[PDB]
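One structure below.
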Amino acid sequence: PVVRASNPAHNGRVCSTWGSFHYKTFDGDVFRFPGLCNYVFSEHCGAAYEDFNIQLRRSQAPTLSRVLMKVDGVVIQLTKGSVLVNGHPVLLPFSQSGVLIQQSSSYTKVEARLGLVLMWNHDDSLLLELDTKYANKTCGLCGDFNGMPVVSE
Amino acid sequence: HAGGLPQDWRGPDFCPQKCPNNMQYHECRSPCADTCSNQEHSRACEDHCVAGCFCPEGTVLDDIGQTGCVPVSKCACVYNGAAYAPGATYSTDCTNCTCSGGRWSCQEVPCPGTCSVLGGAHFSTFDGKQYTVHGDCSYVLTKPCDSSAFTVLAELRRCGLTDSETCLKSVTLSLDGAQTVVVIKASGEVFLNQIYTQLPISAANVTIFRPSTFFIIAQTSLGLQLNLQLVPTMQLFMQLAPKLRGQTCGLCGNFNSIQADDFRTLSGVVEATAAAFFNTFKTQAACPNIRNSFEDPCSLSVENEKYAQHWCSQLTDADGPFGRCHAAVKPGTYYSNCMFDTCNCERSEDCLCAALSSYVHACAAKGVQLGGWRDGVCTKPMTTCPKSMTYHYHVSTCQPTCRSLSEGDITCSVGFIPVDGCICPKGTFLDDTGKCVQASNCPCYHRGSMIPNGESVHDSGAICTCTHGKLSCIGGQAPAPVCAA
Amino acid sequence: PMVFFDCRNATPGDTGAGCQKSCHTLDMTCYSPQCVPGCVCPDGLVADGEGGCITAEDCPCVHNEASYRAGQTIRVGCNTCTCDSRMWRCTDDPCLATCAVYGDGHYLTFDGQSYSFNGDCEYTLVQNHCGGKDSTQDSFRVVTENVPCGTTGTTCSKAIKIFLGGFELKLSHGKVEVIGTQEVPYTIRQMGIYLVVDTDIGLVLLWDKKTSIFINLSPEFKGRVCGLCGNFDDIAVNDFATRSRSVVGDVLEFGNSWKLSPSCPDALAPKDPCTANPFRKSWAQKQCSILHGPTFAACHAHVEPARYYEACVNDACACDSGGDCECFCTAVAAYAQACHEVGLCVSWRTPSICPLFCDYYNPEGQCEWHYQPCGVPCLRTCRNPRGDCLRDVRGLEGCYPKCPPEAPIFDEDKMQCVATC
Ligand SMILES: [Ca+2]
Ligand SMILES: [Ca+2]
């Protein structure tokens with residue numbers, strides 16, 4: 001299967017949350033939801049086997065307290081000043097099972113070779129970039145990823 | 001993420017961002033940051049520009065020292081896990097490299113080549129190619145293709161019930177169109193021109209000596225050197241001068257730094273298997289054609305495999321007697337040779353000791369000494385030399401003799417790879433009867449003739465008596481005879 | 001006419017059978033110093049290996065445990081060698097070199113340096129513009145993307161990225177993505193089990209779509225490339241040149257120096273798979289013994305199976321996280337492709353050993369697709385209506401269509417046999 005690409009604008013593959021409970025879905029729908037509970041940021045519900053499952057939690061300033069990621073059997077818990085992999089604290093950079101977690105001067109990046117990139121920045125913004133193979137197969141606060149903003153979300 | 005190029009909008013008071021060291025915060029720069037190790041990472045980048053801390057233009061990150069962003073000219077270099085400095089140099093046996101701009105600039109230097117026949121079946125050519133054929137004939141090891149100035153032959157013969165137990169029984173060095181033939185047997189006997197001689201020999205263009213009871217070294221004036229280990233089994237190490245690169249050809253390759261053409265026969269094509277190329281260097285028609293099978297001797301015996309694994313794994317043990325050499329010589333091939341030889345040959349201890357000694361000799365050639373490696377195994381050869389001889393792990397000099405004391409010059413090649421074995425103890429000289437005696441017991445010599453103690457000689461009207469190993473002369477001395485016109 | 005000569009009446013200076021040569025002893029110099037008993041041909045005659053005696057110039061040429069008469073033709077690489085008076089006359093045409101990466105990080109460079117490296121990051125397989133960075137031609141870069149495959153520390157490839165000109169190809173899963181940005185300088189062709197990417201600069205890539213890549217580079221790139229595939233200068237020892245342009249002895253350092261991202265953690269030496277997983281070892285040794293049995297017996301004289309068997313056993317021992325059959329099939333198919341490249345059409349896939357579902361490609365009420373060990377080099381298709389074959393790729397085994405005379409042109413886009421495109 002040969003798939004061509006020429007347009008470099010790929011805003012449809014990016015979902016993020018920032019500021020005062022501002023959310024942008026993969027389809028471009030920007031809304032505000034001041035929820036402080038534990039919510040599903042994005043998960044692969046379009047297949048019998050789930051490739052990824054990312055959840056985020058907020059605490060009160062709208063700070064991000066916990067990010068839970070299930071990536072092909074790898075459990076990553078990101079908290080302020082702590083990174084846990086399968087319940088064990090790790091030292092960054094940390095590469096395991098096709099998942100690379102690295103901290104920079106402004107962000108914590110988790111890259112999964114199945115095609116996802118998660119960024120937890122220091123201005124309290126969580127940005128997720130997904131491979132185009134996950135289109136029309138996701139659910140959560142980031143939408144169903146089908147290129148249409150309102151329908152199916 | 002839209003393919004745009006945002007311009008910096010922050011400031012000291014408008015959303016200020018801090019960066020480590022001298023890095024600056026930018027809204028759109030390539031995430032592939034150039035470092036000292038990879039100074040062209042930005043050019044080879046597939047991602048779009050991002051926002052973050054980046055080095056100022058003209059500088060790259062210092063990942064080696066973690067000292068912030070440094071200029072390219074100030075980047076260090078890393079070799080063998082040790083960080084160097086701009087302008088620092090290192091050298092190998094074959095090259096000399098210097099650090100500059102974070103990159104190594106290397107110049108080639110003259111470099112002798114080494115061929116090795118170990119265990120009677122394991123061959124390592126001049127270009128580093130390794131193979132294993134169990135021959136049953138006399139084979140041409142090294143020889144110039146267009147001449148016959150020198151020629152080295154090896155007598156690899158089946159020395160067991162099976163066809164995969166090969167012993168090196170003799171080595172033949174032929175010089176000047178077979179005008180000087182030296183045959184060195186596995187029993188230590190040396191035959192010069194079909195005459196059983198006694199070492200050392202200074203023949204035409206060749207000098208052969210015995211640095212110890214374990215080794216025989218033959219050095220020619222054509223740039224060829226032979227080290228022959230006789231204890232416990234006969235093994236060969238040939239060293240060739242760089243002047244013969246690309247000119248020799250035999251079982252040791254053509255010495256042209258290419259491993260691909262080391263299996264090229266005299267026909268002109270490169271063979272695919274070691275056995276096919278090996279069988280083309282036979283010297284006699286009746287010798288069998290060796291076909292390489294895929295046997296695994298260690299699988300044929302539980303006890304043999306256990307013994308081989310227990311005693312040969314010390315080669316690859318980083319914290320063992322041979323651990324100080326893993327950086328110089330890779331022990332994987334030596335470990336494989338040890339396992340195969342120990343599991344295959346009937347005298348397992350002999351083959352294990354041969355493999356360990358071959359690795360030790362390679363390390364000594366690289367300049368690493370592993371003295372005290374015979375504790376636990378291979379203890380027997382340390383307690384087998386004659387009465388007046390004692391063992392030594394490092395023998396980098398030549399055996400002193402009474403004739404060396406008298407004449408003043410010892411027949412030796414001066415410079416050779418250090419060996420091990422039983423030699424005369426320090427301060428003790430080897431007498432002509434194979435005995436180490438003190439300087440007070442070494443006989444006198446006049447005109448190449450032994451003068452027994454208490455005897456006298458007459459020369460130019462002067463009487464010289466041999467007392468206490470010294471040839472004193474009555475009347476003081478005989479300074480200079482003068483012949484009138 | 002051979003007569004047994006014995007050394008009973010051995011006059012001085014008489015070798016006897018000690019200097020009797022044969023068609024296999026290519027060195028005609030007499031080295032024996034003393035008499036040796038044995039069969040001797042009449043004076044001036046050498047043995048032909050069948051009991052007769054012939055002249056030295058009439059001895060047949062020997063190559064890979066085979067005998068060829070005068071005038072016979074063999075093919076080595078791209079050249080042709082003709083036997084003539086015991087010698088081989090070969091043309092001197094330079095041609096491509098193949099870098100092969102497969103399994104749990106088993107690498108064979110352009111110059112023939114074989115090694116094993118287990119790196120978790122993305123690594124530059126090959127690239128030009130290394131020294132000086134200007135040279136000539138257009139810059140290309142083939143980069144491998146790796147992922148852990150097992151629990152012993154082994155790592156195998158997942159995706160292959162080819163950056164040519166302003167265009168990028170990503171071979172991942174089983175598909176190709178043209179990331180892109182002039183005309184596309186790529187030709188993607190599915191032949192057998194292989195996907196072939198051909199470029200107009202002289203670069204060919206064979207991809208078995210799971211873990212195996214074979215990069216064929218034209219001789220015009222000799223000494224102008226670098227990466228994990230060496231530098232292509234016919235010397236194998238210096239292929240372990242790090243990104244700092246220094247040849248090292250440690251494979252780990254050389255491999256780790258070629259990672260794309262400097263921030264990626266450096267790889268460590270993995271555990272021995274058959275030692276860390278002994279309960280699998282027997283199975284491995286029972287499965288990879290196909291490489292030593294009668295299945296590949298015809299190829300043992302042309303490709304040495306030692307390293308392939310070692311890689312097979314190690315991969316089978318280390319394939320402990322799921323998918324042993326894929327590991328075993330890739331390891332055996334590496335040796336199968338090596339055999340096919342030198343003109344040996346060996347059939348090894350049985351319904352129990354790495355089966356191929358050719359009938360999956362048969363349309364309703366049709367039977368055309370058949371397994372080919374050496375493949376069909378020139379098969380008629382829409383892009384090749386005249387039925388031409390450019391060589392440069394040999395023995396790409398797999399399912400190939402056998403179009404009937406009614407519809408003799410194979411349309412790949414329609415994947416069907418048609419009369420005209
Ligand atoms: Ca060479
Ligand atoms: Ca090279």
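Identifiers in this document derive from the order of the structure tokens: chains are assigned A, B, ..., residues are numbered from 1 separately in each chain, and ligands are numbered from 1 in order of occurrence.
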For this session: Return the neighbours of chain B among the residues of chain A, cut-off 9 Å, counting only C-alpha atoms, as a PyMOL selection string.
Result: chain A and resi 7-11+14+104-107
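Applying a distance limit of 9 Å to only C-alpha atoms, the residues of chain A near chain C read residues 1, 2, 3, 4, 5, 6, 7, 8, 93, 94, 95, 96, 97, 98, 99, 100, 102 and 113 of chain A.
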Filtering to N, CA and C atoms, could you give me those residues as a short mmCIF file (atom, residue, chain, number, x, y, z; two decimals), in the first residue's frame?
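Everything below was put into result_9.cif:
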data_model
loop_
_atom_site.label_atom_id
_atom_site.label_comp_id
_atom_site.auth_asym_id
_atom_site.auth_seq_id
_atom_site.Cartn_x
_atom_site.Cartn_y
_atom_site.Cartn_z
N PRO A 1 0.81 -1.22 0.00
CA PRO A 1 0.00 0.00 0.00
C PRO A 1 0.85 1.27 0.00
N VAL A 2 0.86 1.98 -1.12
CA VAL A 2 1.64 3.21 -1.27
C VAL A 2 0.74 4.38 -0.93
N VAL A 3 1.15 5.16 0.07
CA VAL A 3 0.41 6.35 0.51
C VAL A 3 1.30 7.56 0.29
N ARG A 4 0.83 8.50 -0.51
CA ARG A 4 1.59 9.71 -0.81
C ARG A 4 1.26 10.81 0.20
N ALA A 5 2.20 11.75 0.33
CA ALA A 5 2.02 12.89 1.23
C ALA A 5 2.73 14.09 0.62
N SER A 6 2.03 15.21 0.54
CA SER A 6 2.63 16.46 0.08
C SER A 6 2.33 17.65 0.98
N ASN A 7 1.14 17.70 1.58
CA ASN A 7 0.78 18.80 2.47
C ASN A 7 1.53 18.66 3.79
N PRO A 8 2.29 19.67 4.23
CA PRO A 8 2.97 19.57 5.52
C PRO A 8 2.13 20.03 6.70
N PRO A 93 17.41 9.75 30.28
CA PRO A 93 16.50 9.14 29.29
C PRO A 93 16.27 7.66 29.55
N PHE A 94 15.09 7.15 29.22
CA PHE A 94 14.72 5.77 29.50
C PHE A 94 14.08 5.17 28.26
N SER A 95 14.72 4.14 27.70
CA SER A 95 14.22 3.45 26.52
C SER A 95 13.88 2.01 26.89
N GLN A 96 12.66 1.58 26.56
CA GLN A 96 12.22 0.23 26.88
C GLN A 96 11.01 -0.12 26.04
N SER A 97 11.05 -1.30 25.41
CA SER A 97 9.92 -1.86 24.67
C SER A 97 9.39 -0.89 23.61
N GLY A 98 10.31 -0.21 22.93
CA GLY A 98 9.92 0.72 21.89
C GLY A 98 9.38 2.04 22.38
N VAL A 99 9.51 2.34 23.67
CA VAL A 99 9.04 3.59 24.25
C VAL A 99 10.24 4.33 24.81
N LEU A 100 10.40 5.59 24.39
CA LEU A 100 11.51 6.43 24.83
C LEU A 100 10.96 7.63 25.58
N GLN A 102 12.15 11.05 27.59
CA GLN A 102 13.28 11.95 27.74
C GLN A 102 12.81 13.32 28.20
N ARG A 113 7.03 3.90 19.39
CA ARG A 113 7.33 3.49 18.02
C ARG A 113 6.10 3.03 17.26
#
For this session: Dump the neighbourhood of ligand 2 as a PyMOL selection string: all residues within 6 Å, distances computed on only C-alpha atoms and all ligand atoms.
Result: chain C and resi 111+230-236+238-239
Problem set entry | At most 6 Å to chain C: residues in chain B, only C-alpha atoms, as number ranges by chain | B: 103-104, 258, 267-268, 271-272, 276, 280-282, 284-285
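Neighbouring residues of range 84-87 of chain B at 10 Å or closer, counting only C-alpha atoms and skipping chain neighbours under 4 positions away, are residues 64, 73, 74, 75, 76, 77, 78, 79, 97, 98, 99, 100, 101, 102, 103 and 104 of chain B.
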For this session: Find the residues near ligand 1. Use a cut-off of 7 Å, count only C-alpha atoms and all ligand atoms, and write them as a PyMOL selection string.
Result: chain B and resi 127+253-262
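Going from CA of residue 89 in chain B to CA of residue 323 in chain B covers 26.0 Å.
Around range 216-230 of chain B, within 7 Å and counting only C-alpha atoms, the residues found are residues 186, 188, 205, 206, 207, 208, 209, 210, 211, 234, 235, 236, 237, 238, 239, 240, 241 and 413 of chain B, once anything fewer than 4 positions away on its own chain is removed.
Computed from the coordinates, the CA of residue 35 in chain A to CA of residue 66 in chain A distance equals 13.9 Å.
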Compile the contact shell of residue 388 in chain B as a short mmCIF file (atom, residue, chain, number, x, y, z; two decimals) with C-alpha atoms, in the first residue's frame: residues with an atom at most 8 Å away, counting only C-alpha atoms, same-chain residues fewer than 3 positions apart removed.
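Output (result.cif):
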data_model
loop_
_atom_site.label_atom_id
_atom_site.label_comp_id
_atom_site.auth_asym_id
_atom_site.auth_seq_id
_atom_site.Cartn_x
_atom_site.Cartn_y
_atom_site.Cartn_z
CA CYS B 424 68.58 -20.37 32.62
CA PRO B 425 68.08 -18.33 35.82
CA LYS B 435 73.42 -26.95 31.70
CA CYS B 436 73.10 -23.58 33.42
CA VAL B 437 76.35 -22.81 35.26
#
Exercise. Using only C-alpha atoms, which residues sit within 10 Å of residue 250 in chain B once same-chain residues fewer than 3 positions away are excluded, as number ranges by chain?
Worked result: B: 125, 139-145, 151-153, 253-255, 262-266, 277-278, 280-281; C: 27
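Straight-line separation from CA of residue 396 in chain C to CA of residue 338 in chain C: 10.3 Å.
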For this session: Could you give me, as a ChimeraX atom specification, the residues within 7 Å of residue 52 in chain A, counting only C-alpha atoms and dropping anything in the same chain fewer than 4 positions from it?
Result: /A:43-44,70-72
File of the preceding selection, N, CA, C and O atoms, as an mmCIF file, in the first residue's frame:
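result13.cif, freshly written:
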data_model
loop_
_atom_site.group_PDB
_atom_site.id
_atom_site.type_symbol
_atom_site.label_atom_id
_atom_site.label_comp_id
_atom_site.auth_asym_id
_atom_site.auth_seq_id
_atom_site.Cartn_x
_atom_site.Cartn_y
_atom_site.Cartn_z
ATOM 1 N N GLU A 43 -7.532 7.176 23.506
ATOM 2 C CA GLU A 43 -7.301 5.740 23.546
ATOM 3 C C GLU A 43 -7.728 5.121 22.222
ATOM 4 O O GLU A 43 -8.563 5.674 21.502
ATOM 5 N N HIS A 44 -7.133 3.969 21.906
ATOM 6 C CA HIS A 44 -7.373 3.286 20.632
ATOM 7 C C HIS A 44 -8.502 2.277 20.822
ATOM 8 O O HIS A 44 -8.289 1.084 21.044
ATOM 9 N N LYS A 70 -0.877 3.734 28.797
ATOM 10 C CA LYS A 70 -0.754 2.303 28.542
ATOM 11 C C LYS A 70 -0.352 2.137 27.085
ATOM 12 O O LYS A 70 -1.175 2.332 26.185
ATOM 13 N N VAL A 71 0.904 1.777 26.848
ATOM 14 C CA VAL A 71 1.451 1.658 25.500
ATOM 15 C C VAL A 71 1.925 0.222 25.329
ATOM 16 O O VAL A 71 3.034 -0.129 25.752
ATOM 17 N N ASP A 72 1.085 -0.610 24.712
ATOM 18 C CA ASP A 72 1.435 -1.980 24.337
ATOM 19 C C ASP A 72 2.009 -2.757 25.524
ATOM 20 O O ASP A 72 3.045 -3.418 25.430
#
For this session: as a count of residues only, please: all residues of range 11-150 of chain A that backbone DSSP puts in strand (DSSP E).
Result: 71
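The smallest atom-to-atom distance between residue 154 in chain B and any of B:283, B:194, B:465, B:38, using only C-alpha atoms, is found for B:283.
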